[PDB]
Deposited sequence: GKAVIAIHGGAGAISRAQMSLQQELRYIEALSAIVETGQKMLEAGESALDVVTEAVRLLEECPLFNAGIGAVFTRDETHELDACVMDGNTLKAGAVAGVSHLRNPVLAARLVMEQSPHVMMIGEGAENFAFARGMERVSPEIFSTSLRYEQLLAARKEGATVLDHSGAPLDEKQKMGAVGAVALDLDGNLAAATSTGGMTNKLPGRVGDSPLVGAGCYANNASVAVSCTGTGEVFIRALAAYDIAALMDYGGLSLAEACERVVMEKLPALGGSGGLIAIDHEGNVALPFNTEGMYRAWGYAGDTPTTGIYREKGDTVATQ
C-alpha cells in the first residue's frame, strides 16, 4: 500500500578521491539506519509526520550532517539552528530559526506546530516558548565538532565525501504513510561563516520544506537565497498541481533548470500523493536514501548510475 520514505543529509561536490571506503561507510551506515527506522515506523502504521520528525531528529543527532549535533559555525564561532515541519493532511506547519539552546530544532518546530497557534518562532522567543513546554535548555557547545571548525577556519582564510561549500549541508525527510498522508521536515545549522541572524531556506515553508496531501512533500538542501527567491519546494507542488507536470518533470524544471538559471545549487527530495519518489540534485552528489515500506532501502552519496 505504497508507504515510502526519503531522506537527505546535504549536497555538494564529490570528494571520493580523498576518502577511504571505511569513511564512506560511516555515512552510508548512518543514512541506512535512519531510512530503515523510517520504513519500520511506516510499515507499523506510524504517521508521515511522526516519521519525518523522527528521521530528522536522528539526522540532527548524527554528527556527520549539518543540523543539530554537527552544525556548522557562524562567523562569531557560534551555532544558530533552523528547522521546519509540515503536515500535508492539515497543512499545518511549525518552524524555528535562529535557535542555539535547543538540542533538536525539528522537535521545537513540531512543538510550534502542535502546541501553539503559530507557524514560526525565532531566536530567544522560540527558545523561551520551548522551555515553557518542558524542552531542555542546552549550551550550543554540544553541537560543536572539529570537522566543522576546520571548515570555519578554511572559510575565513583568504574532510567529508561531499564538499558542501558553505551552504549546501542541511538534513531532511519526506514520507507517504499507509493512510495516504504526506509530510516533510528539514533542519539545518545554516552556513559556515554565516553572518549572525541570516536565515536560509530550511525553516521557510515553501522554500525549504512543504507538504500537501493533494500534491507532494518536499525537503530541500542547497544555496538558500535562490531556493527562497524561487520558492523551490512549493514550486514543485504548483508545477504539478497547476501545470499538470509529473513529479519527475517538476523536479527537472526546478532543480535542473530554474534554480541553476538563478545561480542556485543543491537538490531536494520529494514524494508525491501517488507514491512516486524523486531525489534530484544539480550538484555532483547528495547524501540520500529512500525505501518503500517493506522493501530494502537504497542509499547514495555520489552520482546516480
property: Non-modelled portions of the deposited polymer sequence, in sequence order; result: 159-166, 314-320
